[PDB]
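Q: task: produce atomic coordinates for the following.
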Amino acid sequence: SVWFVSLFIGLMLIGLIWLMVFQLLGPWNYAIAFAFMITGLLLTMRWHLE
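A: Numbers count the residues shown, from 1 in each chain. The coordinates are given below.
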């Protein structure tokens with residue numbers, strides 16, 4: 001499944017983002033954050049109007 005794989009990338013990204021909040025410079029940290037914004041949106045556009 002293409003959505004399930006996508007979701008999994010997004011969790012893997014969230015799992016990385018929790019690490020960027022509490023454990024792990026700036027413009028790179030926010031870049032990784034941004035990429036999970038792309039992934040977040042990607043999953044919404046998987047699906048469409050009938």
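Q: what about the spatially most central residue of the chain, distance to residue 49?
A: Nearest to the mean C-alpha position of the chain, by C-alpha atoms, centre = their mean, lies residue 36 at 2.2 Å. Taking C-beta to C-beta, to the nearest Å as the measure, residue 36 falls 25 Å from residue 49. For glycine as for every other residue, the C-beta is placed from the backbone atoms N, C-alpha and C.
Q: OK, contacts around the residue nearest to the centre of the chain?
A: Residues counted as contacts of residue 36 (C-beta atoms under 8 Å, 6 or more residues apart in numbering) are 10, 13, 14, 16, 17.
Q: could you redo the last one with a cut-off of 10 Å?
A: Contact partners of residue 36, counting by C-beta atoms under 10 Å, 6 or more residues apart in numbering, are 9, 10, 11, 12, 13, 14, 15, 16, 17, 42.
Q: again with residue 20
A: Counting by C-beta under 10 Å, 6+ apart, residue 20 has contacts 28, 29, 30, 32, 33.
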